[PDB]
Number of protein chains: 4
Amino acid sequence: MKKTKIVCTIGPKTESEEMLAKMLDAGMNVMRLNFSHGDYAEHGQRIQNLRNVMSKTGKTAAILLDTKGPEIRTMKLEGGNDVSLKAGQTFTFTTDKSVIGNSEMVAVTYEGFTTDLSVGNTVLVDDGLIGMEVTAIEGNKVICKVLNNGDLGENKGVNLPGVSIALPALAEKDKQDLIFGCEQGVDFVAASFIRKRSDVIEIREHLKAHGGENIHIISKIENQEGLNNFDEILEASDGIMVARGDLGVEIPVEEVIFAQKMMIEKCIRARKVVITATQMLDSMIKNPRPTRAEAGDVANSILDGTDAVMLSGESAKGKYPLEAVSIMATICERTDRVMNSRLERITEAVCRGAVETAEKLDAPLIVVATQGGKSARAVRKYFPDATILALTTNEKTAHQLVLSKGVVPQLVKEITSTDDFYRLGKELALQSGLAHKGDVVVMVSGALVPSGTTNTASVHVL
Amino acid sequence: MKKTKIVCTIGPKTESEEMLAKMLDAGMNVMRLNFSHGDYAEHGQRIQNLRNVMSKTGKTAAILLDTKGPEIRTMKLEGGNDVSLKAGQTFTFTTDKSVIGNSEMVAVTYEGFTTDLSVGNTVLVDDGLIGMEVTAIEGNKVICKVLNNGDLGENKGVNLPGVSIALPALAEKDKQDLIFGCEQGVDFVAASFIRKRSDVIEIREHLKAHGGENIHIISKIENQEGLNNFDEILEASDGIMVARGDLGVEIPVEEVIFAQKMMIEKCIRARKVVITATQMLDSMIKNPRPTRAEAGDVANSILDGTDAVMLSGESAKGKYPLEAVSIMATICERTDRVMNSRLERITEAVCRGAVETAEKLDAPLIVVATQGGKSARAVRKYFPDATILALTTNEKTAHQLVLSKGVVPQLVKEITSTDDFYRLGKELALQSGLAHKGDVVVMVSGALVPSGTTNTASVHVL
Amino acid sequence: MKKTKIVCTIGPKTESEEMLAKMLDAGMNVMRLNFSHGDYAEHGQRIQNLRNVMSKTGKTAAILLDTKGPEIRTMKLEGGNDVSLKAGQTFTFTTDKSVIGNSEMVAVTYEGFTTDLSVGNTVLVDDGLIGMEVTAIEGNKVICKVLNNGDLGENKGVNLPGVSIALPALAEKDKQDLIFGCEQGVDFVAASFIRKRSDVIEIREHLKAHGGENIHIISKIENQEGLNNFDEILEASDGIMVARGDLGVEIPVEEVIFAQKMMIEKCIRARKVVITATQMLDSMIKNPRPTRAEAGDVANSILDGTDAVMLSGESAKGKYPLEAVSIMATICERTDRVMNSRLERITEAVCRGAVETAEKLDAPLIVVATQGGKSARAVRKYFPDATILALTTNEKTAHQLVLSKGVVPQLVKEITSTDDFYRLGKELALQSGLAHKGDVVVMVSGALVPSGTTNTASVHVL
Amino acid sequence: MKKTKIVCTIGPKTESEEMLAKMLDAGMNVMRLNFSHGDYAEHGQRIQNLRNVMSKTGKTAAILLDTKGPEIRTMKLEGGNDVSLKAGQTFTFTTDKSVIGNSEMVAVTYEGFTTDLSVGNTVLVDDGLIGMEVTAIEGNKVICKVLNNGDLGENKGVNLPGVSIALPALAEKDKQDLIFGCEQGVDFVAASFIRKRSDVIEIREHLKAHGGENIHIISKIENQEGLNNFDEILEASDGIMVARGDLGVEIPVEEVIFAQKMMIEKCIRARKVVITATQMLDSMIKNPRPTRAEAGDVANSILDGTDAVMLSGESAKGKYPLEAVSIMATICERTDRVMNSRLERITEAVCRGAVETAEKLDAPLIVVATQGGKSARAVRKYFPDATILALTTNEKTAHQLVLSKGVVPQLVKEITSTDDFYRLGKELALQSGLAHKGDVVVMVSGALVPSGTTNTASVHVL
């Protein structure tokens with residue numbers, strides 16, 4: 001019933017085949033492997049468990065590897081004791097990795113800390129808990145004024161709002177994780193902390209060098225620089241993950257909502273998948289139902305037009321993973337059902353016209369022939385009322401279309417001509433149970449053209 | 001360049017192969033044979049001459065047989081001299097065909113004259129030259145008061161505005177002429193004086209009894225009864241001829257223009273060809289150029305949306321036939337040049353969408369696969385900017401489509417699948433010279449459906 | 001209840017008060033005085049006769065003076081009779097007026113003939129019957145080649161398409177006629193022989209020199225130069241007369257149709273009255289009913305959007321003046337009945353919105369306050385379904401609005417404020433019989449602005 | 001600035017004249033007095049402080065009294081100690097108000113508890129912390145099975161999802177509080193727990209009986225019954241308060257978002273003010289910045305079209321009231337900045353047209369004459385880009401309009417005619433600084449009609 005797709009982070013509490021089967025039943029479509037945690041054996045077993053469930057059940061799902069990414073962290077403290085920092089005090093960061101910290105100084109993991117920052121910049125420590133102002137930079141030290149009281153622990157994330165950070169596109173561990181991704185045949189790589197087009201290119205070349213040229217890159221937009229370069233990032237990527245939580249400590253709080261809406265809108269126009277993620281139903285880590293605010297947040301992201309919504313801790317380690325997935329699916333179908341098409345060069349003319357024709361003829365189903373998935377994503381751009389049945393001979397395309405809104409992939413032996421596509425599509429339409437005898441279906445394909453163009457629309461009664 | 005099609009009545013001045021070739025060059029598309037005059041040997045030779053020119057040139061034209069039709073006429077006069085009738089005098093019509101007339105009485109050819117008229121009806125004689133009011137009907141006589149002075153000659157047409165006249169659908173000569181039409185394999189029959197649906201059916205049954213089931217019937221609308229019954233007449237016909245001159249004697253003069261505009265509009269909606277005829281460029285019977293009034297009348301009929309315009313005496317017996325055709329073509333091109341598409345179940349959705357797609361992509365050509373001509377006529381309904389190349393295996397369809405606005409027919413060997421249609425259509429598009437390498441064409445056909453449906457539209461770069 | 005206004009040329013057959021009263025009854029709105037004929041006593045009596053009728057009846061009409069203007073004509077020939085000219089022969093025009101002509105030469109009335117013409121120009125003689133090309137100019141001779149066979153008679157009109165002639169818009173006879181017009185207080189001047197903007201200015205300066213500053217200038221577009229300069233002519237004029245017959249003598253016949261349509265459209269956009277004239281119902285000079293062609297031409301001119309249609313000979317010297325007016329009114333009402341509003345600066349925003357509001361609320365009447373007439377004409381531009389009741393204290397404006405489509409003028413003693421306008425307008429609305437208790441009316445005026453702007457729209461229930 | 005209006009609950013932390021002045025500076029428009037807490041002397045001094053600031057400063061604000069309302073609560077426990085309830089245990093509610101409760105039974109304050117509930121209904125206790133299922137109803141006892149573990153404290157709210165509760169429209173304290181509201185001349189009453197049209201009518205009659213007929217009633221929609229009867233409730237009320245927090249405990253969580261969006265949309269169409277309230281920036285009770293989720297929730301409520309957003313604890317008792325108002329105003333301006341007009345009977349035709357005219361002419365200001373406020377609210381319905389300057393002689397209207405989106409009220413001594421309105425309105429437009437010389441303004445009023453119809457729009461250049 002629902003069209004919006006659900007990404008579920010799988011962890012210890014949901015990794016068993018029993019759980020994965022019930023997760024798919026409840027509406028999960030894509031497994032997220034979060035490589036900030038776990039080791040290759042845990043993630044590898046999760047992949048095995050899912051593909052076994054898919055084989056036994058005939059269910060289709062996609063697998064997304066989400067990188068840890070490069071980051072700036074504080075380091076160790078004296079006797080590993082927390083230190084209490086006070087508004088107004090001076091506090092210093094050093095790039096000397098040998099230093100053990102105290103209430104006056106701590107080391108950071110990033111040698112470029114002194115170069116990238118300027119006097120007057122803001123330094124945020126521990127997911128924005130403690131704010132500081134840079135007052136001087138001397139040698140390997142960044143000297144600051146603490147702006148608010150807070151307890152500093154060990155190895156805390158550092159955020160530098162509005163700063164262009166010269167960290168590499170990939171941490172060394174990320175590069176090995178991507179090779180693991182290629183070994184395992186993952187369908188998507190979600191790359192963290194993408195700031196510019198060149199970051200995306202480096203990831204693409206790394207995957208290409210290990211046989212992952214057909215893996216789709218989902219760039220995570222987490223700070224102002226990525227927002228500034230969004231158009232070029234999107235062009236080089238296959239999709240976008242809107243990381244609202246990270247944006248919330250990196251840009252003015254009133255900008256975050258319009259950053260999400262703008263990024264979703266541009267992804268739609270580019271025919272590229274977008275995932276809304278972080279801080280979705282987090283209260284369900286501890287509670288069996290979400291808050292009103294969370295449900296509204298999720299629903300507005302769907303009304304914005306997102307292809308997919310993502311569960312993190314709620315599904316990986318929380319106490320009510322199945323409840324979280326089920327209420328997410330309820331939110332999806334309740335919100336999708338009240339959304340309308342948006343019908344306002346060749347592919348788009350044909351795909352937009354195909355959706356218009358389907359709407360005017362009350363067709364419940366658009367059947368699309370596709371090799372790389374573009375024709376299905378081109379139809380989805382207009383938010384058809386009809387479900388999209390996407391026929392492909394490409395197993396990776398079949399998996400990847402699971403993430404696109406309102407698309408049902410079906411792997412087929414092959415499609416040998418335009419008329420054979422019509423014959424086969426009509427029977428698979430009936431077999432799918434998505435349409436019935438007497439229903440109108442619209443059938444969209446590329447005839448006598450290279451694989452990337454969609455140029456033909458045809459109307460059939462089942 | 002022009003899209004509006006030209007019907008030319010062929011007579012002694014224009015029947016030679018040499019003249020016919022120059023007429024086609026100047027813009028003639030359809031030959032009208034007016035069986036009000038001539039004998040079978042002359043009309044047969046005209047048919048042969050045109051088919052010879054078509055063979056010699058590779059040009060395609062259609063042949064239309066126009067019946068004389070039933071009439072009411074006055075008859076003979078004393079010493080075959082005209083008689084002067086005076087306003088206010090009594091004048092009498094008799095159905096006794098033996099009577100030789102004079103200034104007080106004349107015979108009419110129609111026995112039902114006394115039956116169909118009522119006291120107070122209007123009798124018009126000789127193209128409305130002389131008007132009379134029925135004052136009494138007794139026996140075989142219709143006694144009238146003459147309303148205006150006029151000279152009555154022999155054998156003059158009679159018009160009875162607003163009266164339902166029980167003349168047969170076909171005169172006995174019409175039946176014979178129609179069989180000749182079937183023997184010769186004409187493409188159209190223009191049936192005179194159609195007043196009701198049953199008139200069309202009688203024509204259809206006659207043609208079908210002599211192997212003319214595939215001849216298209218063009219019903220001529222000439223009086224109020226036909227206008228009252230137009231919707232049923234159009235439904236039973238393949239097309240309509242708007243006979244403006246006859247309507248001008250039969251209905252209130254201010255209604256004629258809107259009768260024309262309404263009939264053209266309804267024909268367009270029905271995907272049925274419409275011809276505007278009579279009083280077009282008649283002054284060119286005697287003059288080498290038309291009047292301003294004539295040129296404007298013609299142009300407004302094209303802006304009304306007519307498929308075709310018709311020359312009568314101007315091309316059959318007039319002194320300047322080639323001039324008349326040439327200026328008609330100049331008017332057509334000049335008017336077609338400034339007309340726009342009209343873009344406002346399955347066949348129409350696909351054909352309307354195909355036209356909109358062509359426009360949005362600046363396609364100079366829509367290529368249509370068609371057996372009966374239906375798909376080509378369905379596209380033309382929306383007045384495409386693009387020319388229509390209609391590919392058919394049916395020679396009769398190829399000829400009949402010559403009358404539809406903006407259609408270039410092309411006879412082909414049969415196309416056995418949709419992809420074969422695209423392959424061949426692209427080649428014939430280039431071969432036609434209507435599109436060139438790099439142009440976009442839209443290709444419309446029926447896939448996996450019976451002959452009555454058009455369900456597939458495809459966009460290709462040549 | 002037509003909206004299109006009728007201009008009737010008044011002559012001996014129709015100048016008496018009794019005829020004029022019957023003409024107004026039948027639908028005449030404006031009297032045209034053709035100063036091509038008649039003397040000041042005749043025209044003066046016509047003006048008095050109409051003004052007596054308006055006073056006696058309370059009916060409102062306007063008076064339009066139409067100048068003869070200068071002309072170039074050929075002159076006399078050997079003996080009384082014609083000479084036949086042959087295509088290809090050389091033929092010469094001379095500026096020596098003493099010469100009696102023959103098959104090789106004829107004199108013309110314009111001594112500047114040799115100066116204004118150039119080698120290669122086209123000379124047309126006798127309503128374009130015979131065309132010639134200038135091959136040489138020397139002394140008192142313009143040497144040409146005849147382009148087509150034709151018979152040249154005596155004293156025939158000469159046309160020089162697109163050639164700038166150093167003759168005034170008004171000769172001395174024209175200037176005196178216009179002075180008479182100013183003395184008599186005519187409402188409109190229809191100016192002959194307008195070729196360019198400066199011709200209009202000359203008319204305006206002549207009228208302003210004799211107290212005619214409030215007289216509206218209707219520029220006649222009768223030739224090629226005027227068409228080329230139409231935009232500047234329209235801007236300087238108060239309105240336009242489309243003289244189809246004369247324009248047809250000078251430009252390609254297929255262009256005349258679109259010249260008419262383009263000029264009417266531009267006049268509408270400029271909120272300036274336009275009259276369609278010449279060859280309207282000319283056959284009714286001799287016949288009590290018009291031709292089908294004539295009736296359709298008139299109706300299409302109304303659908304084009306003309307404010308007014310004009311009768312010439314039909315009403316001035318013909319046999320059936322009252323019949324011509326009556327059928328003209330029938331054509332107007334029948335065509336106006338099926339026309340729709342066209343809803344596509346401050347005055348434009350308010351007046352367009354007032355019409356849209358009237359349409360949305362089914363108001364039968366828009367009441368406008370106006371001194372110069374601009375607000376009523378600004379509302380009429382959108383072809384409201386509602387009648388326009390224009391209230392003015394200016395008698396000249398009251399007369400002039402009689403020519404604007406769908407406007408009923410009403411002279412009132414005063415309007416002292418916006419609220420008093422609403423009070424009075426509602427009362428006069430009911431008094432007019434154009435609206436009734438419970439009807440909605442839209443009321444348009446200029447508040448706290450100079451007379452040139454319309455800035456206020458108000459909705460009232462009667 | 002912003003157009004969305006801010007309601008701030010004023011409490012001990014923010015009641016001083018100094019704090020109120022800084023609140024107005026930061027964007028507060030309406031003071032909410034929450035009569036769940038405080039006494040008449042505190043609220044009375046709150047009113048005095050604000051009115052003194054308004055007088056001294058010339059700043060305008062409104063005062064809204066928010067009732068405590070009728071409630072169902074549990075009562076006391078043994079030794080007033082919490083008791084632990086276990087999933088699966090039996091637990092009983094009694095309507096016997098003498099009973100002191102324990103881990104097996106507690107009293108409720110509402111005698112109708114046994115009557116209104118049915119076997120199988122859900123009872124929720126303490127903001128939905130503990131759910132129970134009714135298994136039996138016997139005498140004064142509702143016997144339930146506890147559905148989840150939780151500690152029950154003293155005097156906790158009870159919610160009965162989907163039940164029609166026969167509590168009175170007003171608690172007895174509410175009736176007294178409303179008399180105080182009338183005594184104090186408050187501008188709005190927000191009435192809690194409105195379930196049906198008759199509840200509103202009772203409130204309306206109670207205000208009318210104490211001189212408060214001009215106080216606007218804002219009905220709070222908090223449960224399913226009120227949602228079911230919303231259309232009748234809105235019709236009888238002056239506005240709506242969307243109590244999201246309460247709805248979250250009373251209806252399926254996935255419905256809450258659409259309940260808000262639907263109620264806002266219907267209020268917009270009804271030209272009636274709507275406030276989005278509860279769970280807006282609650283985290284700012286303790287933190288100086290809001291969460292990303294909260295800012296997005298607020299912004300989406302503004303994009304939904306709410307007139308006003310409300311602060312509760314954040315501004316009444318929290319630690320950072322000025323910060324909360326300031327970031328709220330920042331969110332408002334940021335969101336209002338990207339919203340567009342919505343241009344899709346007489347008042348509505350004129351006001352919709354006035355907004356379209358203003359937009360087409362780039363007018364920064366629509367000036368409205370209004371006595372009851374309807375014309376200002378009718379213009380705001382279309383979300384004009386322009387500010388609305390509302391001129392009124394009615395002091396109560398001036399204050400009430402402070403709550404309507406994008407309206408700036410201005411009290412004037414009088415306006416005696418339409419022309420005087422234009423003159424005065426133009427000067428006050430300039431005086432306000434909302435427009436400047438050369439700007440276009442649109443001026444909207446009712447001319448020659450009673451209060452309550454807006455029928456006049458006028459365009460002026462300043």
Side-chain angles (χ1 to χ4, degrees), chain C residues 3 271 341-343 346-394 397-398 401 404-410 412 415-429 432 434-435 439-462, chain D residues 346 349-354 356-358 360-361 418-419 421-422 440 442-449 454-460:
Chain C
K3 282 189 176 78
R271 285 128 65 245
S341 63
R342 288 145 164 85
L343 294 177
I346 293 173
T347 291
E348 283 282 318
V350 186
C351 290
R352 184 226 153 267
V355 172
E356 194 220 335
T357 297
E359 306 259 319
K360 280 292 221 159
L361 301 173
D362 293 22
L365 193 66
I366 301 170
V367 184
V368 178
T370 184
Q371 293 307 291
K374 289 187 237 46
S375 299
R377 288 187 286 274
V379 173
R380 161 272 182 281
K381 163 172 172 168
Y382 307 100
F383 289 82
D385 301 322
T387 304
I388 300 172
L389 177 67
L391 306 181
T392 181
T393 66
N394 183 323
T397 295
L401 285 177
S404 279
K405 185 168 185 169
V407 172
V408 178
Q410 176 63 60
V412 298
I415 313 92
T416 179
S417 75
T418 301
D419 283 322
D420 287 324
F421 166 56
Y422 299 152
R423 167 203 56 81
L424 174 64
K426 289 167 67 191
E427 152 189 338
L428 296 177
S432 74
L434 302 165
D439 284 340
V440 171
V441 305
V442 181
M443 304 186 87
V444 178
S445 64
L448 296 186
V449 287
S451 277
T453 53
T454 310
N455 72 342
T456 291
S458 191
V459 181
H460 300 258
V461 176
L462 298 180
Chain D
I346 292 172
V350 185
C351 290
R352 186 224 101 266
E356 190 178 283
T357 297
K360 280 271 159 195
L361 300 175
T418 300
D419 286 324
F421 167 56
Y422 300 153
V440 171
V442 181
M443 305 188 87
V444 177
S445 63
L448 294 71
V449 287
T454 309
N455 71 342
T456 287
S458 192
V459 182
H460 300 260

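Note that these values count all heavy atoms, side chains included, but never hydrogens, waters or copies made by symmetry. Sequence lines set the chain letters: A, B, ... in the order given, protein chains first and strands last, and positions in each chain run from 1.
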C:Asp419 vs D:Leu448, side-chain contact (heavy atoms from CB on, under 4.5 Å): CA-CA, chis, key distance, verdict
CA-CA 7 Å; C:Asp419 283 322; D:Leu448 294 71; 2.8 Å; yes
Start with the C-alpha gap between C:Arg380 and C:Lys3, add the side-chain angles, then the distance that decides, and say whether side-chain contact (heavy atoms from CB on, under 4.5 Å) holds.
CA-CA 10 Å; C:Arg380 161 272 182 281; C:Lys3 282 189 176 78; over 6 Å; no
Could you check C:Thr370 against C:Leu401 for side-chain contact (heavy atoms from CB on, under 4.5 Å), going step by step and ending with a plain yes or no?
CA-CA 10 Å; C:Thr370 184; C:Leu401 285 177; 4.0 Å; yes
Pair C:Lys360-D:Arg352, side-chain contact (heavy atoms from CB on, under 4.5 Å): steps then yes or no:
CA-CA 12 Å; C:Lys360 280 292 221 159; D:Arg352 186 224 101 266; over 6 Å; no
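Cation-pi geometry between C:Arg423 and C:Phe421 is not met at under 6.0 angstrom from the ring centre and within 45 degrees of the axis.
Across all non-hydrogen atoms, the minimal contact from D:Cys351 to D:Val444 is SG-CG1, 4.4 Å. Residues C:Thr347 and C:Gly452 share a closest heavy-atom pair of OG1-O, 4.3 Å. Contact between C:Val379 and C:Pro384 at its shortest, heavy atoms only, is O-CD, 3.5 Å. Minimum heavy-atom separation, C:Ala435 to C:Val441: CB-CG1, 4.2 Å. The minimum heavy-atom distance between C:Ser451 and C:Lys374, with the atom names listed, is O-NZ, 3.8 Å. Of all heavy-atom pairs spanning C:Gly406 and C:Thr387, the tightest one is O-CG2, 3.8 Å.
For the atom pair CG of C:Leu365 and OG of C:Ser432, the computed distance is 5.5 Å after rounding to the nearest 0.5 Å. From C:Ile415, atom CD1 reaches atom OG1 of C:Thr392 across 6.5 Å, with rounding to the nearest 0.5 Å. Going from atom CD of C:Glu348 over to atom OH of C:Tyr382 covers 3.0 Å, rounded to the nearest 0.5 Å.
Within the 3.5 Å criterion, the main-chain N or O of C:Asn455 finds no donor-acceptor partner in the side chain of C:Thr453. Formation of a donor-acceptor pair under 3.5 Å by the C:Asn394 side chain with backbone atoms of C:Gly372 is not found in this model. No donor-acceptor pair under 3.5 Å is formed between the side chain of C:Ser458 and the backbone N or O of C:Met443.
For the pair C:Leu428/C:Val367, no side-chain contact is recorded, criterion being any heavy-atom separation below 4.5 Å from C-beta on. C:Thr397 places none of its side-chain heavy atoms less than 4.5 Å from the side chain of C:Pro409.
Partners of C:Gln410 according to the side chain to side chain donor-acceptor pair (under 3.5 Å) rule, which considers only residues two or more places apart in sequence or in another chain, do not exist here. Here D:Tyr422 pairs with D:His460 under the ring-ring contact (aromatic ring centres under 6.0 Å, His included) rule; sequence neighbours left out.
C:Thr454 and C:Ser375 form a side-chain donor-acceptor contact under 3.5 Å, judged by distance and modelled atom types alone. When only modelled atom types and interatomic distance are considered, C:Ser341 and C:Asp385 share no side-chain donor-acceptor pair under 3.5 Å.
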